Amino acid sequence: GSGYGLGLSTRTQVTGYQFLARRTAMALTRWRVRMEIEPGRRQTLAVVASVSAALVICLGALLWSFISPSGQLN
Amino acid sequence: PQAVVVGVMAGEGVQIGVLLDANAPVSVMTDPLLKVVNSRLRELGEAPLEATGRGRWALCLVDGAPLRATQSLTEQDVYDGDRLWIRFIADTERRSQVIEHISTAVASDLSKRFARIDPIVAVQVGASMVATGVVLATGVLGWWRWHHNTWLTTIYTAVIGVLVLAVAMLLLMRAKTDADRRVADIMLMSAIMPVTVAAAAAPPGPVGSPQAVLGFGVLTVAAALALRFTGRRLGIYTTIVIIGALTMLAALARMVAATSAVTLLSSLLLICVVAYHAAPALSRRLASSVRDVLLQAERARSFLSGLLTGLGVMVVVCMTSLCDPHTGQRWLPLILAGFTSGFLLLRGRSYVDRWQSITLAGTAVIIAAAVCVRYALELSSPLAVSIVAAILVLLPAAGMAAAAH
Amino acid sequence: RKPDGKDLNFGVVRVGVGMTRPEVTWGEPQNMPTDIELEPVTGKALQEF
């Protein structure tokens with residue numbers, strides 16, 4: 001066959017694809033593939049940290065609301 | 001018609017006059033022709049033409065484009081008195097490279113066809129950004145002077161002008177190559193604007209005619225000074241001097257005494273109208289021995305282009321101001337603008353240069369369009385905008401058809 | 001062209017262009033893992049190569 005259609009796949013196959021994507025994405029931007037350091041991942045994780053920190057503050061704001069109820073004009 | 005005489009160029013630059021058969025196919029003549037030019041080179045004592053590795057002998061236009069080997073010389077658009085070039089053209093056949101893994105292929109390919117950034121261009125970018133920053137600085141400093149009569153505007157702008165001029169002097173002296181000179185020129189030209197408004201802002205009281213006299217005056221001097229000591233970037237400096245000079249005359253008259261702006265604008269229009277005829281004479285006179293002649297030639301061509309540009313800017317400003325849609329015989333200036341535009345539209349053919357002819361043709365089009373748009377803004381109504389739209393859309397359509405047909 | 005044994009071009013004629021085997025000789029990878037044991041990325045890479 002030719003791998004057509006939806007299906008099933010292993011974890012080993014998933015990281016393999018996820019690696020080829022990063023390597024090729026680098027080529028279009030830096031024109032080289034030695035990847036001595038992999039800035040692509042580092043830059044993405046910073047976004048995750050930014051979103052995560054925002055959610056933590058939302059959880060913080062949610063607990064204060066149960067400790068001391070109040071209300072605002074609407 | 002059986003034969004045509006043409007000049008054939010051979011190795012490294014010798015030109016030889018030959019009488020060729022007008023109907024035999026070109027491929028039949030290239031071989032014996034090569035023998036003849038070599039014989040003359042051998043008699044002159046020069047190096048004869050020889051083959052190198054893989055390639056072939058061809059007959060080409062001076063532009064390098066080769067002639068079809070099977071067509072007759074008369075079958076091609078070659079006329080008696082023209083010139084041709086005999087040449088050796090090398091073989092281009094070679095192996096075809098391949099790379100199966102896509103990621104590596106994209107990098108090895110993409111890095112050949114495009115140019116990456118380098119330190120040489122980088123300085124021009126930074127230089128370009130500082131030039132833009134200061135012209136922005138003068139704008140906000142100038143806007144403040146329109147509401148306040150304090151010395152701040154001249155005080156602040158003067159120090160900037162000095163500092164900018166200061167840096168340029170060092171670069172001009174340290175410069176070594178054309179790239180280096182570009183950086184210096186951009187820096188130097190950027191100083192004129194702050195120095196100019198710094199002076200014009202000095203006279204106290206509400207801004208107007210008295211301040212205008214200072215600005216356009218120092219501007220003219222500054223441009224003339226830079227042109228005199230630098231001798232480079234002729235086209236742009238020429239334009240600044242022209243527009244500065246004519247504007248100072250109007251400013252001085254309006255400052256001393258003037259019955260109406262229409263009078264001054266009309267005078268300027270006439271001066272500009274006659275200047276177009278004088279421009280070529282002015283330009284020609286303003287300008288191993290071959291070096292001097294070629295330098296002289298481009299300097300002259302440069303002056304005319306800038307000269308034409310300076311005149312074009314003044315007429316559109318005056319013309320659009322004169323054809324007021326409410327003042328008196330509203331139809332009189334409209335048709336006069338037409339006659340003035342027709343003259344420029346026809347006169348464009350008198351000049352051989354591509355850019356010179358385009359600016360003239362465009363000068364007429366821009367006047368008509370600018371004039372037409374004003375009648376949509378003022379004396380506004382559905383009829384006016386509807387008519388302005390129809391005129392403006394048809395106008396160029398007719399010109400393009402008349403030129404392409 | 002000379003017929004004296006050492007000139008390998010004698011009797012040879014050009015007919016066009018095409019594909020050919022390079023002068024290089026490739027050595028098989030020793031101790032090849034079984035197909036169920038193969039890694040997916042490097043497997044295809046070596047296969048295409």
# chains A, B, ... in the order shown; residues from 1 in each chain; ligands from 1
>>> interface_residues(of="chain A", to="chain B", cutoff="9 Å", atoms="only C-alpha atoms", output="NGL selection string")
:A and (20-21 or 23-28 or 30-33)
>>> interface_residues(of="chain A", to="chain C", cutoff="10 Å", atoms="only C-alpha atoms", output="PyMOL selection string")
chain A and resi 12-17+19-20
>>> write_last_selection(atoms="N, CA and C atoms", output="mmCIF file, in the first residue's frame")
data_model
loop_
_atom_site.group_PDB
_atom_site.id
_atom_site.type_symbol
_atom_site.label_atom_id
_atom_site.label_comp_id
_atom_site.auth_asym_id
_atom_site.auth_seq_id
_atom_site.Cartn_x
_atom_site.Cartn_y
_atom_site.Cartn_z
ATOM 1 N N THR A 12 7.292 6.310 18.599
ATOM 2 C CA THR A 12 8.581 6.432 17.917
ATOM 3 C C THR A 12 8.444 7.145 16.588
ATOM 4 N N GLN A 13 7.362 6.880 15.897
ATOM 5 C CA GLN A 13 7.060 7.552 14.648
ATOM 6 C C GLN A 13 6.683 9.011 14.881
ATOM 7 N N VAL A 14 5.945 9.305 15.946
ATOM 8 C CA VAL A 14 5.527 10.681 16.216
ATOM 9 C C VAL A 14 6.710 11.607 16.501
ATOM 10 N N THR A 15 7.643 11.210 17.352
ATOM 11 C CA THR A 15 8.768 12.119 17.579
ATOM 12 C C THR A 15 9.637 12.226 16.344
ATOM 13 N N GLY A 16 9.726 11.160 15.566
ATOM 14 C CA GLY A 16 10.507 11.217 14.344
ATOM 15 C C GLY A 16 10.003 12.303 13.417
ATOM 16 N N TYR A 17 8.700 12.328 13.172
ATOM 17 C CA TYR A 17 8.141 13.378 12.332
ATOM 18 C C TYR A 17 8.379 14.742 12.959
ATOM 19 N N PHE A 19 10.651 15.789 14.680
ATOM 20 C CA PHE A 19 12.045 16.184 14.516
ATOM 21 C C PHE A 19 12.318 16.674 13.095
ATOM 22 N N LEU A 20 11.844 15.955 12.082
ATOM 23 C CA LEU A 20 12.073 16.384 10.706
ATOM 24 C C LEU A 20 11.440 17.731 10.436
#
>>> interface_residues(of="chain C", to="chain B", cutoff="12 Å", atoms="only C-alpha atoms", output="PyMOL selection string")
chain C and resi 17-20+41-42+44-49
>>> atom_distance(atom1="CA of residue 203 (chain B)", atom2="CA of residue 145 (chain B)")
10.6 Å
>>> residues_around(residues="residue 221 (chain B)", least_positions_apart="6", cutoff="12 Å", atoms="only C-alpha atoms", output="short mmCIF file (atom, residue, chain, number, x, y, z; two decimals) with N, CA and C atoms, in the first residue's frame")
data_model
loop_
_atom_site.label_atom_id
_atom_site.label_comp_id
_atom_site.auth_asym_id
_atom_site.auth_seq_id
_atom_site.Cartn_x
_atom_site.Cartn_y
_atom_site.Cartn_z
N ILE B 192 21.03 69.75 5.66
CA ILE B 192 20.45 70.95 5.07
C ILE B 192 19.10 71.30 5.70
N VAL B 195 19.35 72.84 9.42
CA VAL B 195 19.99 74.15 9.34
C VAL B 195 19.03 75.18 8.74
N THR B 196 18.30 74.79 7.70
CA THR B 196 17.35 75.67 7.03
C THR B 196 16.24 76.17 7.95
N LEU B 214 14.04 84.15 4.85
CA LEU B 214 15.26 83.56 5.39
C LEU B 214 15.41 82.10 4.97
N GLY B 215 14.38 81.30 5.17
CA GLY B 215 14.42 79.88 4.85
C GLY B 215 14.89 79.53 3.44
N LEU B 227 26.99 71.57 -3.52
CA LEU B 227 27.25 71.25 -4.92
C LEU B 227 28.65 71.71 -5.32
N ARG B 228 29.02 72.90 -4.91
CA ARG B 228 30.33 73.45 -5.24
C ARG B 228 31.47 72.62 -4.64
N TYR B 237 20.61 68.26 -6.08
CA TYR B 237 21.02 69.58 -5.62
C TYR B 237 20.56 70.67 -6.60
N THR B 238 20.66 70.40 -7.90
CA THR B 238 20.22 71.36 -8.92
C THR B 238 18.76 71.76 -8.69
N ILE B 240 16.92 71.59 -5.83
CA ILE B 240 16.73 72.37 -4.61
C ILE B 240 17.09 73.83 -4.84
N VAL B 241 18.16 74.09 -5.58
CA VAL B 241 18.58 75.46 -5.88
C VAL B 241 17.51 76.18 -6.70
N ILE B 242 17.00 75.54 -7.74
CA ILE B 242 15.98 76.15 -8.60
C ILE B 242 14.73 76.52 -7.80
N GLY B 244 14.36 76.79 -4.63
CA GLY B 244 14.69 77.73 -3.57
C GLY B 244 14.79 79.16 -4.09
N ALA B 245 15.48 79.33 -5.21
CA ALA B 245 15.68 80.63 -5.84
C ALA B 245 14.36 81.29 -6.22
N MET B 248 12.27 82.28 -3.16
CA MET B 248 12.77 83.45 -2.43
C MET B 248 12.32 84.75 -3.10
#
>>> decode(residues="region 18-47 of chain C", atoms="N, CA and C atoms", output="mmCIF file, in the first residue's frame")
data_model
loop_
_atom_site.group_PDB
_atom_site.id
_atom_site.type_symbol
_atom_site.label_atom_id
_atom_site.label_comp_id
_atom_site.auth_asym_id
_atom_site.auth_seq_id
_atom_site.Cartn_x
_atom_site.Cartn_y
_atom_site.Cartn_z
ATOM 1 N N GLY C 18 22.930 10.042 -20.908
ATOM 2 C CA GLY C 18 22.070 9.214 -20.088
ATOM 3 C C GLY C 18 22.622 8.979 -18.698
ATOM 4 N N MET C 19 22.124 7.906 -18.086
ATOM 5 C CA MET C 19 22.478 7.453 -16.747
ATOM 6 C C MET C 19 23.651 6.478 -16.767
ATOM 7 N N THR C 20 24.435 6.467 -15.687
ATOM 8 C CA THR C 20 25.552 5.536 -15.602
ATOM 9 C C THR C 20 25.911 5.249 -14.149
ATOM 10 N N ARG C 21 26.628 4.133 -13.947
ATOM 11 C CA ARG C 21 27.091 3.742 -12.616
ATOM 12 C C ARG C 21 28.366 4.502 -12.254
ATOM 13 N N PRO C 22 28.430 5.143 -11.089
ATOM 14 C CA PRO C 22 29.656 5.848 -10.700
ATOM 15 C C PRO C 22 30.820 4.889 -10.464
ATOM 16 N N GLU C 23 32.027 5.462 -10.411
ATOM 17 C CA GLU C 23 33.239 4.680 -10.190
ATOM 18 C C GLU C 23 33.441 4.294 -8.732
ATOM 19 N N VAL C 24 32.606 4.804 -7.833
ATOM 20 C CA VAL C 24 32.649 4.508 -6.401
ATOM 21 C C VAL C 24 32.084 3.121 -6.128
ATOM 22 N N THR C 25 32.532 2.505 -5.032
ATOM 23 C CA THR C 25 32.041 1.198 -4.606
ATOM 24 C C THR C 25 31.545 1.283 -3.156
ATOM 25 N N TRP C 26 30.225 1.120 -2.979
ATOM 26 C CA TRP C 26 29.550 1.198 -1.680
ATOM 27 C C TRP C 26 29.607 -0.102 -0.886
ATOM 28 N N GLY C 27 29.956 0.011 0.393
ATOM 29 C CA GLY C 27 30.021 -1.129 1.300
ATOM 30 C C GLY C 27 28.743 -1.263 2.111
ATOM 31 N N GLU C 28 28.195 -2.479 2.122
ATOM 32 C CA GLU C 28 26.987 -2.769 2.889
ATOM 33 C C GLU C 28 27.146 -2.479 4.383
ATOM 34 N N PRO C 29 26.121 -1.915 5.037
ATOM 35 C CA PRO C 29 26.200 -1.672 6.483
ATOM 36 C C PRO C 29 26.250 -2.996 7.239
ATOM 37 N N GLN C 30 27.265 -3.164 8.074
ATOM 38 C CA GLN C 30 27.393 -4.391 8.849
ATOM 39 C C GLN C 30 26.378 -4.448 10.000
ATOM 40 N N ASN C 31 26.067 -5.672 10.413
ATOM 41 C CA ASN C 31 25.145 -5.957 11.520
ATOM 42 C C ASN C 31 23.779 -5.257 11.439
ATOM 43 N N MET C 32 23.166 -5.271 10.259
ATOM 44 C CA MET C 32 21.868 -4.650 9.998
ATOM 45 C C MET C 32 20.746 -5.109 10.953
ATOM 46 N N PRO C 33 20.094 -4.193 11.684
ATOM 47 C CA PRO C 33 18.968 -4.570 12.551
ATOM 48 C C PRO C 33 17.793 -5.139 11.759
ATOM 49 N N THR C 34 17.050 -6.063 12.367
ATOM 50 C CA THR C 34 15.874 -6.603 11.687
ATOM 51 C C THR C 34 14.821 -5.522 11.448
ATOM 52 N N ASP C 35 13.996 -5.765 10.424
ATOM 53 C CA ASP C 35 12.976 -4.803 10.002
ATOM 54 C C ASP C 35 12.092 -4.364 11.160
ATOM 55 N N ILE C 36 11.806 -5.271 12.089
ATOM 56 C CA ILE C 36 11.012 -4.913 13.252
ATOM 57 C C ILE C 36 11.855 -4.088 14.212
ATOM 58 N N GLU C 37 13.177 -4.127 14.054
ATOM 59 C CA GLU C 37 14.118 -3.418 14.906
ATOM 60 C C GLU C 37 14.547 -2.063 14.338
ATOM 61 N N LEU C 38 14.228 -1.763 13.078
ATOM 62 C CA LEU C 38 14.636 -0.510 12.433
ATOM 63 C C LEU C 38 13.970 0.764 12.960
ATOM 64 N N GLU C 39 14.791 1.827 13.126
ATOM 65 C CA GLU C 39 14.345 3.173 13.475
ATOM 66 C C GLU C 39 13.735 3.827 12.228
ATOM 67 N N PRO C 40 12.608 4.539 12.352
ATOM 68 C CA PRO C 40 11.956 5.092 11.147
ATOM 69 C C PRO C 40 12.669 6.208 10.383
ATOM 70 N N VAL C 41 13.281 7.174 11.061
ATOM 71 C CA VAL C 41 13.912 8.306 10.374
ATOM 72 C C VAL C 41 15.138 7.892 9.570
ATOM 73 N N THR C 42 16.103 7.287 10.243
ATOM 74 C CA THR C 42 17.349 6.872 9.612
ATOM 75 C C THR C 42 17.131 5.755 8.610
ATOM 76 N N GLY C 43 16.107 4.953 8.805
ATOM 77 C CA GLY C 43 15.798 3.908 7.860
ATOM 78 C C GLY C 43 15.483 4.471 6.492
ATOM 79 N N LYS C 44 14.501 5.355 6.399
ATOM 80 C CA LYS C 44 14.177 5.928 5.101
ATOM 81 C C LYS C 44 15.348 6.719 4.540
ATOM 82 N N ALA C 45 16.063 7.440 5.390
ATOM 83 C CA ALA C 45 17.198 8.229 4.927
ATOM 84 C C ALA C 45 18.209 7.356 4.198
ATOM 85 N N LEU C 46 18.575 6.228 4.783
ATOM 86 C CA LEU C 46 19.550 5.354 4.150
ATOM 87 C C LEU C 46 18.962 4.664 2.931
ATOM 88 N N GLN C 47 17.665 4.398 2.949
ATOM 89 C CA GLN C 47 16.997 3.732 1.833
ATOM 90 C C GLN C 47 16.999 4.623 0.592
#
